[PDB]
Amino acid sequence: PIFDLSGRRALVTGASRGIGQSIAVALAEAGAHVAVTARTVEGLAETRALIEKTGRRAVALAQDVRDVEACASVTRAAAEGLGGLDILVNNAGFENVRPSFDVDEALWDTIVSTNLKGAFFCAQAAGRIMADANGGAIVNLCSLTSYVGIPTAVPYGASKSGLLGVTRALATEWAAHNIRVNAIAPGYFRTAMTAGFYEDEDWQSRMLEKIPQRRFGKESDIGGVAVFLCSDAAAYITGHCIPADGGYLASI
């Protein structure tokens, strides 16, 4: 019962694949009715089918989190489709590496709008709905770059470090509305390591030596973390970021 989400209503952004898909499905498996977004509705087909496998309802909507209007209207539409809204997972994110001397304005904007600004304005919209009803839980997807710096991932790291600041300030501000706000910093997860960058085997060997568990994360390594942060088991946890990283941050 303490981890059960039966009857909760969740929105998970950028949920067509990877982490967001894992989280969305795990929320449905724990009892929740789940709305999922992506750039196109058609890219959600696998996520929708995996959710409806649980028996629960899946709402699916188009959304670009860079459009501040769509952050609000598509969040309100998600609420209407579910009959309410008391869980938000801000997963949507643009990943990028680029030498910092070569970052132009446009790149900066695409990264920060998507990863930081978008999550704020989705939070604001879901928050207002939660505040008018009986509260809820928000989970932001941060990164190892909220704790350390990756060279050539400067705008990205700014984004995710900023989002951790957002997590703490919103937690403090919205506790009085019964809204908890927490974050997960995934380490290196197989399902997020699509980019050509990651096949470089010397890189892989080097990174694995920094991870005590000597493995990259599977979907089972994060879904339950998101359920936990949304559940009554986490009633006294707010403004906190749980790293799911196989021990990377703890390790020399």
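Numbers for residues come from their place in the sequence shown, where the first is 1.
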Which is higher in the entry, the mean Cα B factor of 202-210 or that of 181-189?
202-210
Hey, which bit's got the bigger mean C-alpha B factor in the entry, 157-165 or 96-104?
96-104
Listed options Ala175, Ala137, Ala123, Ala78: highest C-alpha B factor recorded at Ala78
Of the three thirds of its chain by CA temperature factor, lowest, middle or highest, which one includes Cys71?
highest
Can you tell me which third, lowest, middle or highest, the CA B-factor of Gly55 falls into for its chain?
highest
Split into thirds by Cα B-factor across the chain's modelled residues, where does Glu46 land: lowest, middle or highest?
highest
Lowest, middle or highest third - CA B-factor, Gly224:
lowest
Just say lowest, middle or highest third for the CA B-factor of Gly149 relative to the other modelled residues in its chain.
lowest
